[PDB]
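A quick write-up on the structure given underneath.
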Amino acid sequence: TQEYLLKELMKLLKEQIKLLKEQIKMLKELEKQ
Amino acid sequence: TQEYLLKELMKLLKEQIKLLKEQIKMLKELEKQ
Amino acid sequence: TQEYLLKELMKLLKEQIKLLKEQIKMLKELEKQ
Amino acid sequence: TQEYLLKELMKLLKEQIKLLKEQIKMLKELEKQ
Amino acid sequence: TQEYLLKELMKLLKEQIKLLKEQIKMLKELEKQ
């Protein structure tokens with residue numbers, strides 16, 4: 001059961017990475033202004 | 001109490017994801033002007 | 001305004017710091033087990 | 001070891017807090033402009 | 001100045017992503033145990 005929960009935590013951290021990359025793309029749009 | 005502690009980390013990581021999505025909404029508004 | 005949206009981003013980052021501190025406390029308890 | 005991995009995770013979260021504090025500082029500098 | 005600050009925010013988010021990748025490495029070894 002502990003191993004199953006550790007796999008869930010890794011999935012949630014990967015989602016944080018995806019959203020941070022979306023923020024970087026938005027910061028580049030702002031940099032053109 | 002390891003399963004309890006891992007479930008509490010799951011909830012905190014989900015809350016982090018929610019905050020990142022709220023930040024993206026604000027960056028989009030900033031880009032519009 | 002620009003000022004309004006930057007201040008809201010600051011509040012959301014401060015909330016992320018609060019949650020990271022709670023995550024550290026959960027890891028500290030796991031380490032003892 | 002389990003102890004090594006949990007102690008290193010705690011150190012990485014503390015480094016994340018330091019980055020968030022610097023992100024807040026950059027937003028405050030943007031606000032002044 | 002505004003462009004310099006936006007580029008610094010991009011660098012800080014890239015540093016966050018690197019820390020999150022390192023956290024995933026540690027959770028991966030804990031899951032194998």
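Residues are named by chain letter and number: chains run A, B, ... in the order of the structure tokens, numbers start at 1 in each chain, and ligands are numbered from 1 in the order shown.
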
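Fit chain A to chain E on the Cα trace, atom for atom in sequence order, and the RMSD comes out at 0.4 Å.
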
Item checked: Neighbours of chain E in chain A at 7 Å, counting only C-alpha atoms, as a ChimeraX atom specification -> /A:3,6,10,13,17,20,24,27,31

Can you write just those residues out, N, CA, C and O atoms, as a PDB file, in the first residue's frame?
ATOM      1  N   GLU A   3       3.895   1.541  -1.353  1.00  0.00           N
ATOM      2  CA  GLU A   3       4.452   1.694  -2.694  1.00  0.00           C
ATOM      3  C   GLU A   3       3.435   2.310  -3.653  1.00  0.00           C
ATOM      4  O   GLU A   3       3.790   3.139  -4.499  1.00  0.00           O
ATOM      5  N   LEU A   6       3.358   6.017  -3.002  1.00  0.00           N
ATOM      6  CA  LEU A   6       4.548   6.691  -3.536  1.00  0.00           C
ATOM      7  C   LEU A   6       4.432   6.907  -5.042  1.00  0.00           C
ATOM      8  O   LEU A   6       4.863   7.950  -5.567  1.00  0.00           O
ATOM      9  N   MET A  10       4.593  10.580  -7.194  1.00  0.00           N
ATOM     10  CA  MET A  10       5.405  10.855  -8.380  1.00  0.00           C
ATOM     11  C   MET A  10       4.554  11.395  -9.531  1.00  0.00           C
ATOM     12  O   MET A  10       4.987  12.306 -10.252  1.00  0.00           O
ATOM     13  N   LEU A  13       3.885  15.104  -8.844  1.00  0.00           N
ATOM     14  CA  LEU A  13       5.034  15.977  -9.109  1.00  0.00           C
ATOM     15  C   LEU A  13       5.243  16.186 -10.605  1.00  0.00           C
ATOM     16  O   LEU A  13       5.660  17.269 -11.034  1.00  0.00           O
ATOM     17  N   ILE A  17       5.441  19.805 -12.823  1.00  0.00           N
ATOM     18  CA  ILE A  17       6.423  20.139 -13.859  1.00  0.00           C
ATOM     19  C   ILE A  17       5.723  20.643 -15.120  1.00  0.00           C
ATOM     20  O   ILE A  17       6.115  21.665 -15.704  1.00  0.00           O
ATOM     21  N   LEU A  20       4.474  24.224 -14.572  1.00  0.00           N
ATOM     22  CA  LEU A  20       5.589  25.177 -14.575  1.00  0.00           C
ATOM     23  C   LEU A  20       6.074  25.452 -15.994  1.00  0.00           C
ATOM     24  O   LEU A  20       6.406  26.599 -16.333  1.00  0.00           O
ATOM     25  N   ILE A  24       6.312  29.114 -17.943  1.00  0.00           N
ATOM     26  CA  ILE A  24       7.469  29.655 -18.661  1.00  0.00           C
ATOM     27  C   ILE A  24       7.061  30.123 -20.054  1.00  0.00           C
ATOM     28  O   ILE A  24       7.506  31.178 -20.526  1.00  0.00           O
ATOM     29  N   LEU A  27       5.527  33.480 -19.634  1.00  0.00           N
ATOM     30  CA  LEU A  27       6.511  34.516 -19.324  1.00  0.00           C
ATOM     31  C   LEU A  27       7.231  34.979 -20.585  1.00  0.00           C
ATOM     32  O   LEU A  27       7.560  36.165 -20.713  1.00  0.00           O
ATOM     33  N   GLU A  31       7.539  38.707 -22.133  1.00  0.00           N
ATOM     34  CA  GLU A  31       8.843  39.304 -22.428  1.00  0.00           C
ATOM     35  C   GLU A  31       8.855  40.029 -23.774  1.00  0.00           C
ATOM     36  O   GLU A  31       9.638  40.970 -23.965  1.00  0.00           O
TER      37      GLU A  31
END

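Between atom CA of residue 15 of chain B and atom CA of residue 15 of chain C the interatomic distance comes to 9.7 Å.
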